[PDB]
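Have a look below at one chain only, the form solved without the ligand, in structure tokens format.
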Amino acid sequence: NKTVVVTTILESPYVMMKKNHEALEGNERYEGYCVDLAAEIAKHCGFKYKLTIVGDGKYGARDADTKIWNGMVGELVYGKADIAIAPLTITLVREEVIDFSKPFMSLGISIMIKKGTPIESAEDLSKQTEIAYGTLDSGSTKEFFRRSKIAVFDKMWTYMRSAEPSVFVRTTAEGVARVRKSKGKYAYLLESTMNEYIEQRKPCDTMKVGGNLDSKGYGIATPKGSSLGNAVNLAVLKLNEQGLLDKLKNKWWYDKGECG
């Protein structure tokens, strides 16, 4: 009937501007895991779509005062977009206002260190102060620590929320740059699949250490009651069962890995 508005976010390798995007237009301007996923979802659900980058560049959180939802979640809640296809974490608070398909990717919070840093776990981080550590300034990773009642994670949150200077960063790129330029005095807490991706990128000076702190997944989101919800959910299950999601990860993570 009508072209579906897809909201997504510039997060490598999910969505990236093609080198020669200027010579291109529309959906052809972008490339990445979620760009490929969107094409597959649309084909299996039978709809035409337009890729758009979330206006405020955020994932989705609710302001405690205004009660307004920002980010991709907000665009769905307010009808500015019809579906969100990005590394958007399935969480309780979001599930209450929008619908999520079954997960297309499984992950967990993990630790990124510059090679050589004497840290092997969250426990290690929480028991020392020489090495600073933080998370993305907004998102499920930060919220995980803020709301955690688990001893170690609660101790980590207490340190992070009051640390000076700030240990929180605006983007993944900033967190990675901080790890790489801090001579081992900064460790970054981020979602495991991103940690895995960066570990295979030059200058190959970072690595994931320890096990994941939690377990969760990314899901495709639609406004509550959307007529696209059901088909999208089944499409995700079909793509996973056919092994296409596994193929996409290899395509964007390892096939072109730069660290051997």
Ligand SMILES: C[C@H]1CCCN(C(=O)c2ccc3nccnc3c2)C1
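One rule holds for the numbers: they count along the sequence shown, beginning at 1.
Missing here is the form solved in complex with the ligand; even so, the following discussion is about that form.
J.: Hey, in the deposited bound form, is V97 touching the ligand, heavy atoms inside 4.5 Å?
T.: Looking in the deposited bound form, residue contacts with the ligand do not include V97, since no heavy atom lies within 4.5 Å.
J.: Looking at the partner-bound form in the deposited bound form, is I131 within 4.5 Å of the ligand by any heavy atom?
T.: Residue-level check for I131: yes, a contact with the ligand.
J.: Classify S148 as contacting or not contacting the ligand in the deposited bound form by the rule of any non-hydrogen atom within 4.5 angstroms, answering yes or no.
T.: Looking in the deposited bound form, residue contacts with the ligand do not include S148, since no heavy atom lies within 4.5 Å.
J.: May I ask you to check whether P118 falls inside a 4.5 Å heavy atom distance of the ligand in the deposited bound form?
T.: Looking in the deposited bound form, residue contacts with the ligand include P118, since a heavy atom lies within 4.5 Å.
J.: Which residues, if any, of 165-184 lie within 4.5 Å of the ligand in the deposited bound form when only heavy atoms count?
T.: Residues within 4.5 Å: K183, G184.
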